[PDB]
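Visitor: Here you go, one structure.
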Amino acid sequence: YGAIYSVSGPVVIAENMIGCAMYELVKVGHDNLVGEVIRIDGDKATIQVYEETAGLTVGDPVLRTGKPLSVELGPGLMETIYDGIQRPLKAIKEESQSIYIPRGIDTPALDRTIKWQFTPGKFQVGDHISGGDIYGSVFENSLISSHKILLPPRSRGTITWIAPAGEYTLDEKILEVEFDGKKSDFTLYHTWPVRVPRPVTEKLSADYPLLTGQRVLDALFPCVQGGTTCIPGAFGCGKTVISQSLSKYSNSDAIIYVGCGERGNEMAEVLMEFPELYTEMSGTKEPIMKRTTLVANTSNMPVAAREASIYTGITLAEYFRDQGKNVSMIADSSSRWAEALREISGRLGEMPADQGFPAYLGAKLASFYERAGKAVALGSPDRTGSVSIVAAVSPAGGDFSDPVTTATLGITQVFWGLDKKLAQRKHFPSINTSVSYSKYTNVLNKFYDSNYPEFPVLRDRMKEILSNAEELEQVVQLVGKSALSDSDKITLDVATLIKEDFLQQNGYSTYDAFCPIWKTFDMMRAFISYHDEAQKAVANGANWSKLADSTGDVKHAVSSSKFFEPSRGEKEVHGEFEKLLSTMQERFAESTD
Amino acid sequence: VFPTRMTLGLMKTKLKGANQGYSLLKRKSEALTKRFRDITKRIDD
Amino acid sequence: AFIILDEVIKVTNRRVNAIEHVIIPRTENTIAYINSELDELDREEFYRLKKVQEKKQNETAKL
Amino acid sequence: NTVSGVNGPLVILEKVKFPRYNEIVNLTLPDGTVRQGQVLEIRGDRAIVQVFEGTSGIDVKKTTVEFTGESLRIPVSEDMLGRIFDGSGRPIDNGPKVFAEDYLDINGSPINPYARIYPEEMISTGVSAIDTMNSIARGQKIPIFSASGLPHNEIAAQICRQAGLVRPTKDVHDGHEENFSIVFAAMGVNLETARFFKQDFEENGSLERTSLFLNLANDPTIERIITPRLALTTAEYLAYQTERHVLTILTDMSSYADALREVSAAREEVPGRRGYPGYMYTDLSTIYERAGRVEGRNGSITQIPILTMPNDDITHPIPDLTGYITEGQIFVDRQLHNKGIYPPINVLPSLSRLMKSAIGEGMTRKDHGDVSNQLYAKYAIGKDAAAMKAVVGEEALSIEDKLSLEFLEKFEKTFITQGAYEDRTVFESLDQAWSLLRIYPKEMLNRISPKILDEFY
Amino acid sequence: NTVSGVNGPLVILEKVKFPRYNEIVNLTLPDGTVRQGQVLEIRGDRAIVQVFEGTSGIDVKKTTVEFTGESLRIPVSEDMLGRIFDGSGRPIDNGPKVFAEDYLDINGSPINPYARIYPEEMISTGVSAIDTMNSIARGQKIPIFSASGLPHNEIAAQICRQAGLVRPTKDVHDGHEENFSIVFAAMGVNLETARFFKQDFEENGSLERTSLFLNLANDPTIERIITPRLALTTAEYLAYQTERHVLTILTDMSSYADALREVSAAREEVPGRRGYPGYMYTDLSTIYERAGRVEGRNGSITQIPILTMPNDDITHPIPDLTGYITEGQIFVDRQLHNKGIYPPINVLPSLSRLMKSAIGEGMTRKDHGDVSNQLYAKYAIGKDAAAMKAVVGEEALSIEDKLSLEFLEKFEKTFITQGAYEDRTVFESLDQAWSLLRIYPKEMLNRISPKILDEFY
Amino acid sequence: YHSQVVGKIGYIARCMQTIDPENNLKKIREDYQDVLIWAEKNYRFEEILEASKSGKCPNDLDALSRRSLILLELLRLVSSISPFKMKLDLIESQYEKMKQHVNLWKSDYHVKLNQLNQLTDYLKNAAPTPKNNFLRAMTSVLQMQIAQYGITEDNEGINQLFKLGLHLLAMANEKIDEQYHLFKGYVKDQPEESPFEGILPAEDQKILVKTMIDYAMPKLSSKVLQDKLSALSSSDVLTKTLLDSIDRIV
């Protein structure tokens, strides 16, 4: 049909292509390389391939398969690491002899030899079905069995053939649906476009909090399951430890890890670190690997797999949210996907309008944030689902004037700070109290009123003391240390212990596997009660050295209380929080008198 | 030798902090001279 | 106390005069120089991009 | 009927030259989904148009083309309140249609109604510091300058939700003697913020007086940039045809600037400095040209644009170009929002160039002009006393720096502090500022008259 | 077949697309001299090929072309170590040939020898400050960043000779579990620096076990970028075939980026940011793709790129683009070389995120990564106290500014002070670094645990 | 659009027919007569889709999702209380209380039934162990008290049994001392003498008493104490007097 008109770099153009869509995938050349036509110009279509072509000539045959290019949806996604184009690297590692994306080889995303136990639902022959309806269930792992096999979206009809319970493969038919005549057969695997988002019934408000394990991140801004949050980068300051520790520290039912522009060592270390580590759900036989989905895309691979990796991760997160389970999506970094889109625009020949980046990168980057969120699950069962969008931003230019961070900062709803001077001082993960925003704190305050949490009241005073501590440190360092009140010294002293206990993480605390809300909310009450007791004692008449010497073991115990676990005394509160409330009155009474 | 892309953001805050410190040092020097004149006259008397 | 205030007033006036005299012009010139270099680089990039888009406009006009 | 190709957000289709510029077109694909769009350019058997729903997924030699024969226009009517719409004039509630009675253009000015009257008859919208120190009136515009460190979308939703409740208390004071309406425009917002702002505006009881326009971040830039034209034409048609005071809120300007900067990727036009286009003054002047006092002023068309800076730099033409056309500017500090105050607006850098013309006799307070200058001088003296208090110390601080420092801390949590569901007028804000200003003596108050100062101490 | 045109240094020939992309072509000129070239880009009825032997001698219609029918591949063998080669694989003395026994691609995509494993074997480069603060393992692509106005080639050759000289003491410590190999790649380097690096490699005892590639500035741009793919392919084929730790030095990266930027100025391509090509990240990612541990847990290929800052800033497209793909960084300082510290390397802006994975018990210390956090904050506090002491004066410093200023002068002149041929172990660098930290009390350090700090304090 | 409304009407009619198979709940089926009327008549799917697209049937996805969530919560609460049976008036009172709620998907009543179904779902696939037996008895007592008291009235025993089931489920497989101490402490603080007669099997009480006698038997060293502990482990009831006598003997 088509002929190779030009081949330059990793993208190949094919002329004489009439009747093809903007998402249909076809094989370019005689090697049968995987690719998809993203754009077209006249009679010649520009198809980006997911493999580095180095032995393909111009004039080879290009035959489109007649359908869009996407990934398969079914059982077998967990406990495996794939690429950005839905290709299993485990079978390609032993078969192809290469752990990266090969060239000239084809491998399916779902193996036809793995069998699973399928069970039918309460439906029978004669009942109507729709897109996303619960047709059956399949046990994918030994920890969670909520992997319900659903139909694809935009489908409808009646169940004419119903299969019984038993063990079958993904290629065997188990159900058949036809509305107007025989449409087609159904199987365990389903087809869905990666570039097209999964539809939903209706949107829901974000009111369920999600704890990632970071006390400074959850203390600085309220993290919820279903919101949008960004992570600032500095070209490497310990951002991969926050993504791997945030993914391993998370206790969600689903885990979506997709590397866009990583080097490849962090993906192999994060993949190998998942089987040796244990989760907080009492897992076994690789619980960290079986509970999360691994998508490995590196910078040495093609830009088509790196650009389609976010679409495959958003489609897998949309399928996991449509299944009836809450999943947390971790992506790092968006600067490699925007640089891959700018490399595809510069290689294709499109004129950019973002100071070197493509003009369509803003709509594509802003459209990816709108797909994630919490809402009702699509289908007749009406299940509850959620999807947390956590995408770390990287530098692609200036410090804050980059187009990826500027375009991504508008579409996001939660923003966290990052100290550039504190990041180089070995104090990661650091945050900025002046640069931060969150819109789910008002809706989360209503459920927090029913849960009786005091996180935002201590977080506002900690943000005010941390904001005044930078002005007091800058005014003290600029004007000179010659005179000052006890309120600024007590605020800097409380900000030093709060910045040491909350700022120091990922190698500065003994207990960092799990962080409860009662320990984080009760932990700020000791520092806020010590700062308010020192300010109330200094306001009512007292010396600074008499109050600082009057504190004594309370300041060292409050700073060393972060190393202790919350499993002492009770199941959610430690004994140091209860003893600190009684010792705070004696220390405040002894410091004032 | 400075950065060409996104380099004015640190220089704006550094110039604002230097202007605020110069204003605070000017006010402290004005109050120090204002107390120093009456301290000089009271020291003379 | 008079000798202490007279000793501190010269250091405060000299530090305020030296910092206020030497503070503004270096970053004030460097910010305009970096902004002018960034604007000249952006105009040089757009001027090279317009000539590349001009051939694509005439090539796409034939289809 | 024959799509040539697609490059970026604009699709290049091959059709006849019979369709006019900005005409609606229906693209029929082979999947079973019909999408409408607007023709961006018409030529001699060649044109590039932007689709409203999607930009890819159509065939090159299998799709169909059809022309509706009508220009891009939204039907303006009085029943637009109490419903949710989209950026292209389509309701998303799944209910009744628009049912408008007049044809108003959305890509241009229908009649361009702009009276030559001065700004007067100022009305409040729910902001004590914004309506007090830099209060604007019908005919004048005042933009809000923010950054990436505060909920500017929640501040615009709270400012739009706070409007409409001051009309009953202001009606007794001769400040509003007609129906009041609000114009809500959302561009680049999420479903959680639009549903939370719609539930918050419906919980207070202001959903029946304002219009809801929700634009997603996964749509084309032509719908996001053409979304404020329906709100401006609806506010001008409701203000001119109904003789009622309507307030227009457009958020955010950063999404419209990024959508305008993303456009023009396949044309002869090139962007200016900083990556943005060089025609942003005509784009802001086109949206500013459909707001203000109409000929025969009975109502008012107020434009309050909310702009959020993505980097907080002053080297961009977004805040300078938007602030240069208007008269005044409002700034928001991240340190005030980090403490817990809502809204965290600062009155020190913010100033109004037409504050004396907006205030008068019979529609505003008499001492509001001197109270704003005394509160601004007490806030600047409180900031200077608070900055000098750290260097001077606690035992060596002056009485004026401590008295102004207490008035700055008390005024920062009393005057600027407001409720999310509470509506405070300018009369209650002046009485609240009089209590904070009552701590100073009568000899230290010289920015007001002696009769107004003796009567209101 | 025939030369259609010539734009700059590239020659555009007009002929049918019989040969594949990247295949070697034969060009015959009517002067009695034949030249070989490779098609960098394939097109319909035209091809862009760059001649390796010179750039002069093209004809309009008096030349002929011949297709080889084979793709561009370099034959790698186990006997190529100990020979002198060029950027295209030809000798400059007419001695040893290729002698290849296996077929390898020029990009490394068809092999993919990177096994699923992180770097564990810590390779000591002979520097206590370099291996202490930003120590990398075998397989890490962290290059050494330099700047203009300093001899970065002598420090890179001294660190390369110090790594091979420090490898024998680290072999017994379990730091290296295989042989040591050196890869010398030249691109735009002088003959004196190449002869000095070859004299350092021959003095280190790696002349008979390493490969030498010579590329000058007067040669073609395709040969300089083609030489690092052949050197990385030979080092990856030897490290994967023999299970030996091979170290490849790719200098200079600015000439390779300047060749790719010069190759985009002769065609019709859209330029990226800073006036550079948009496909430089894809070409730079192919050279960095050949790196990591080999399959078997016994071999690995290490790449150390030498990038010189032309403008003295890390915000450039060449240093920022190559630094964005690589992990970590090590920047040199001209003030350290001007002061007398050899080698001058700064520790304030240099930080690696994989130092904990490369480090481990049994080949290093446990508190080495913990001491670098307090040493980085003490080094930044010493620079802030040094700038505040010179800027404001000696009457505005605090008590921590004197200890930080003395710790910055003692640490800057004690840890970074060493010779050019004396090996430095990790235990001696940690013992000498722990003595410089003892200048303040135990209540001023918070970047380390008290249990591990009390055991080694 | 119309396929989700037709599938939601068919699943709502199937859930309504599966909720009450005797036709004894006229209040629950009375509110769903508009959707069950089109499902109780033999009609084609194209007629229901064309009738729903023409405004002749229910086509609100939000109202059908809320009513399908309330009916799915009532059917999930009635199905999660097996093998016990709830009252007929209690299902109509819980349906009327759930219908008048402002947010049924955000309250704790859906999370209590989700955790109660997740406890039996996790305990059904799990092997027989002491924590699975204590969690099965606590899930049976929580199912009997939840079926007897409904989900519209608060109770300290349901929250304490749900917190003990979540704490026992969150524990690992090497915490039998904390599961036995939590089961003995929660069983000792109960007001009833033995909450296993008529709700649990006869072998489960002897297996639990034999598990507690076997757990406390390894700490004794006398022959009389091992004989009394071995003789007290042959009872088919888990009373507090056996645990107090076993604790006093040890």
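In the structure tokens, chains take the letters A, B, ... in the order shown, each chain's residues start at 1, and ligands count up from 1 in the order shown.
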What does the C-alpha RMSD come to when chain D is least-squares superposed onto chain E, all C-alpha atoms paired in sequence order?

Guide: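 That comparison of chain E with chain D gives 2.6 Å.
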
Visitor: Using 7 Å as the limit and counting only C-alpha atoms, can you tabulate each residue of chain C that touches chain A, with its shortest atom-to-atom distance in Å and the two atoms involved, as a tab-separated table?

Guide:
```
residue	atom	partner	partner_atom	distance
C:42	CA	A:355	CA	6.7
C:49	CA	A:351	CA	6.5
C:53	CA	A:351	CA	6.1
C:63	CA	A:42	CA	6.3
```

Visitor: Which residues come within 8 Å of residue 124 of chain D, counting only C-alpha atoms, excluding same-chain residues fewer than 5 positions away, as number ranges by chain?

Guide: D: 131, 135, 163, 166, 425-426

Visitor: Counting only C-alpha atoms, which residue out of F:126, F:224, F:37, F:77 sits closest to chain A?

Guide: F:126

Visitor: Within 10 Å of residue 153 of chain F, counting only C-alpha atoms, which residues show up once you throw out same-chain ones fewer than 6 positions away? Write them as a CSV table (one decimal) with N, CA and C atoms, in the first residue's frame, please.

Guide:
```csv
chain,number,residue,atom,x,y,z
F,94,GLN,N,-34.4,1.2,57.0
F,94,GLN,CA,-33.0,1.5,56.6
F,94,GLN,C,-33.0,2.0,55.2
F,109,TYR,N,-21.6,4.6,56.9
F,109,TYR,CA,-22.4,3.4,56.7
F,109,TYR,C,-22.0,2.6,55.5
F,146,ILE,N,-25.2,-6.2,63.5
F,146,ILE,CA,-25.4,-5.3,62.4
F,146,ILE,C,-26.7,-5.6,61.7
```

Visitor: Just list the residues in segment 90-297 of chain A DSSP gives strand (DSSP E or B) on the backbone, as an MDAnalysis selection string.

Guide: chainID A and resid 115:120 128:129 134 136:138 150 157:162 166:169 175:178 184:186 190:193 203 209 224 228:231 254:259 262 293:295

Visitor: Please produce a file of the residues just selected, as a short mmCIF file (atom, residue, chain, number, x, y, z; two decimals), in the first residue's frame, where the atoms kept are N, CA and C atoms.

Guide:
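For reference, out-v8.cif as written:
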```cif
data_model
loop_
_atom_site.label_atom_id
_atom_site.label_comp_id
_atom_site.auth_asym_id
_atom_site.auth_seq_id
_atom_site.Cartn_x
_atom_site.Cartn_y
_atom_site.Cartn_z
N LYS A 115 -2.81 -18.52 32.40
CA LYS A 115 -4.22 -18.81 32.64
C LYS A 115 -4.62 -18.31 34.02
N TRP A 116 -5.87 -17.87 34.14
CA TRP A 116 -6.39 -17.36 35.40
C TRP A 116 -7.76 -17.97 35.65
N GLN A 117 -8.21 -17.88 36.90
CA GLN A 117 -9.50 -18.41 37.32
C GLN A 117 -10.56 -17.33 37.11
N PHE A 118 -11.49 -17.59 36.20
CA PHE A 118 -12.56 -16.65 35.88
C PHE A 118 -13.86 -17.13 36.50
N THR A 119 -14.65 -16.19 37.02
CA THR A 119 -15.92 -16.48 37.65
C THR A 119 -16.96 -15.49 37.14
N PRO A 120 -18.17 -15.95 36.86
CA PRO A 120 -19.21 -15.04 36.37
C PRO A 120 -19.94 -14.34 37.50
N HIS A 128 -29.44 -6.84 29.66
CA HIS A 128 -28.72 -5.84 28.87
C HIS A 128 -27.40 -5.49 29.54
N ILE A 129 -26.40 -5.14 28.72
CA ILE A 129 -25.08 -4.77 29.20
C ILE A 129 -24.69 -3.43 28.57
N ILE A 134 -19.87 -4.71 35.04
CA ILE A 134 -19.20 -5.84 35.68
C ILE A 134 -19.77 -7.12 35.08
N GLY A 136 -17.77 -10.11 34.88
CA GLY A 136 -17.19 -11.23 35.59
C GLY A 136 -16.08 -10.77 36.51
N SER A 137 -15.28 -11.73 36.97
CA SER A 137 -14.17 -11.43 37.86
C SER A 137 -13.07 -12.46 37.65
N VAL A 138 -11.83 -12.02 37.87
CA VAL A 138 -10.66 -12.88 37.71
C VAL A 138 -9.66 -12.55 38.81
N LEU A 150 -14.28 -6.32 32.99
CA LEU A 150 -15.38 -5.53 32.48
C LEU A 150 -15.29 -5.43 30.96
N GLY A 157 -25.56 -4.16 24.30
CA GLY A 157 -26.22 -5.32 23.74
C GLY A 157 -26.72 -6.23 24.84
N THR A 158 -26.95 -7.49 24.47
CA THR A 158 -27.43 -8.51 25.38
C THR A 158 -26.45 -9.67 25.42
N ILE A 159 -26.41 -10.35 26.56
CA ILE A 159 -25.52 -11.48 26.77
C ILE A 159 -26.17 -12.72 26.15
N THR A 160 -25.64 -13.16 25.01
CA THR A 160 -26.18 -14.34 24.34
C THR A 160 -25.50 -15.61 24.81
N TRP A 161 -24.19 -15.55 25.06
CA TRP A 161 -23.42 -16.70 25.52
C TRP A 161 -22.75 -16.34 26.83
N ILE A 162 -22.98 -17.16 27.86
CA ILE A 162 -22.42 -16.95 29.19
C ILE A 162 -21.57 -18.17 29.53
N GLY A 166 -14.41 -21.29 36.13
CA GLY A 166 -13.33 -22.22 35.91
C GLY A 166 -12.06 -21.49 35.52
N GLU A 167 -11.07 -22.28 35.11
CA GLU A 167 -9.78 -21.76 34.70
C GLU A 167 -9.69 -21.73 33.18
N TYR A 168 -9.35 -20.57 32.63
CA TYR A 168 -9.23 -20.39 31.20
C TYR A 168 -8.16 -19.33 30.91
N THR A 169 -7.70 -19.31 29.67
CA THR A 169 -6.69 -18.36 29.24
C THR A 169 -7.33 -17.07 28.75
N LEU A 175 -17.62 -14.85 26.95
CA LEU A 175 -18.87 -14.10 26.82
C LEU A 175 -19.00 -13.56 25.41
N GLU A 176 -20.25 -13.33 24.99
CA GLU A 176 -20.56 -12.78 23.68
C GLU A 176 -21.72 -11.81 23.81
N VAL A 177 -21.59 -10.65 23.19
CA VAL A 177 -22.60 -9.59 23.26
C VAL A 177 -22.88 -9.08 21.86
N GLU A 178 -24.16 -9.03 21.50
CA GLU A 178 -24.60 -8.52 20.21
C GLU A 178 -25.91 -7.77 20.40
N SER A 184 -19.37 -9.26 17.56
CA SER A 184 -18.07 -9.89 17.67
C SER A 184 -17.98 -10.71 18.95
N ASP A 185 -16.90 -11.48 19.10
CA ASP A 185 -16.70 -12.30 20.28
C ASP A 185 -15.94 -11.52 21.34
N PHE A 186 -16.13 -11.92 22.60
CA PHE A 186 -15.48 -11.29 23.73
C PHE A 186 -14.46 -12.25 24.34
N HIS A 190 -9.15 -6.84 26.49
CA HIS A 190 -9.97 -5.85 25.81
C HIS A 190 -9.07 -4.83 25.13
N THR A 191 -9.57 -4.26 24.04
CA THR A 191 -8.85 -3.26 23.27
C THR A 191 -9.38 -1.88 23.63
N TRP A 192 -8.46 -0.92 23.77
CA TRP A 192 -8.81 0.44 24.12
C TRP A 192 -7.69 1.34 23.60
N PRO A 193 -8.01 2.54 23.11
CA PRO A 193 -6.95 3.42 22.60
C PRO A 193 -6.20 4.09 23.74
N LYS A 203 -18.54 13.02 37.61
CA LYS A 203 -17.43 13.40 38.48
C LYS A 203 -17.92 13.53 39.92
N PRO A 209 -8.78 11.69 52.01
CA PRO A 209 -7.35 11.98 52.10
C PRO A 209 -6.48 10.76 51.83
N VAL A 224 -4.91 14.44 48.97
CA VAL A 224 -6.16 13.69 48.88
C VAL A 224 -6.09 12.76 47.68
N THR A 228 -4.72 16.77 42.16
CA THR A 228 -3.56 16.97 41.30
C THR A 228 -2.48 17.67 42.10
N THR A 229 -1.28 17.09 42.10
CA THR A 229 -0.15 17.64 42.83
C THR A 229 1.09 17.56 41.96
N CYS A 230 1.97 18.55 42.10
CA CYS A 230 3.21 18.63 41.34
C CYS A 230 4.40 18.54 42.29
N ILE A 231 5.53 18.08 41.76
CA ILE A 231 6.76 17.94 42.54
C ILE A 231 7.87 18.71 41.83
N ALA A 254 -4.07 0.12 44.14
CA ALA A 254 -3.40 0.09 42.84
C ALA A 254 -2.21 1.04 42.87
N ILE A 255 -1.18 0.71 42.10
CA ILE A 255 0.02 1.53 41.99
C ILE A 255 0.39 1.65 40.52
N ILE A 256 0.51 2.88 40.04
CA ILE A 256 0.83 3.16 38.65
C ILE A 256 2.14 3.94 38.61
N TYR A 257 3.23 3.25 38.28
CA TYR A 257 4.55 3.85 38.14
C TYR A 257 4.94 3.84 36.67
N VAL A 258 5.10 5.03 36.10
CA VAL A 258 5.44 5.19 34.69
C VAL A 258 6.58 6.20 34.59
N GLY A 259 7.74 5.74 34.13
CA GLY A 259 8.88 6.62 33.93
C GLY A 259 8.90 7.24 32.55
N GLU A 262 13.40 9.05 32.59
CA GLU A 262 14.38 8.58 33.55
C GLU A 262 15.62 8.05 32.82
N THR A 293 1.79 -1.50 39.28
CA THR A 293 2.03 -1.73 37.87
C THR A 293 3.30 -0.98 37.47
N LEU A 294 4.24 -1.70 36.87
CA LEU A 294 5.55 -1.15 36.53
C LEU A 294 5.59 -0.80 35.05
N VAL A 295 5.84 0.48 34.76
CA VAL A 295 6.03 0.97 33.40
C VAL A 295 7.41 1.61 33.35
#
```

Visitor: Let's see if you can do this: from backbone DSSP, list all alpha helix (DSSP H) residues in segment 135-347 of chain D, as a PyMOL selection string.

Guide: chain D and resi 152-162+166-172+191-204+221-225+227-242+253-262+280-288+317-325+334-339

Visitor: Please identify every residue of segment 62-179 of chain E that has at least one atom no farther than 7 Å from an atom of segment 15-35 of chain E, counting only C-alpha atoms, and for each give the shortest atom pair and the distance in Å to one decimal, arranged by chain then increasing number, as a Markdown table.

Guide:
```
| residue | atom | partner | partner_atom | distance |
| --- | --- | --- | --- | --- |
| E:62 | CA | E:30 | CA | 6.8 |
| E:63 | CA | E:29 | CA | 5.2 |
| E:64 | CA | E:28 | CA | 5.5 |
| E:65 | CA | E:27 | CA | 5.0 |
| E:66 | CA | E:26 | CA | 5.2 |
| E:67 | CA | E:25 | CA | 5.3 |
| E:68 | CA | E:25 | CA | 5.9 |
| E:69 | CA | E:19 | CA | 5.9 |
| E:70 | CA | E:23 | CA | 5.7 |
| E:71 | CA | E:23 | CA | 4.0 |
| E:72 | CA | E:23 | CA | 4.8 |
```

Visitor: Return the single residue from F:118, F:33, F:59, F:17 that is closest to chain D, with distances computed using only C-alpha atoms.

Guide: F:59

Visitor: So, with only C-alpha atoms as the atoms that count, which of C:24, C:18, C:34, C:52 lies closest to residue 270 of chain E?

Guide: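 Using only C-alpha atoms, residue 270 of chain E sits closest to C:52.
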
Visitor: Residues of chain C near chain B: apply a cut-off of 6 Å, count only C-alpha atoms, and supply the list as a list in words.

Guide: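 Taking only C-alpha atoms into account, residues 12, 13, 16, 20, 27, 31 and 34 of chain C sit within 6 Å of chain B.
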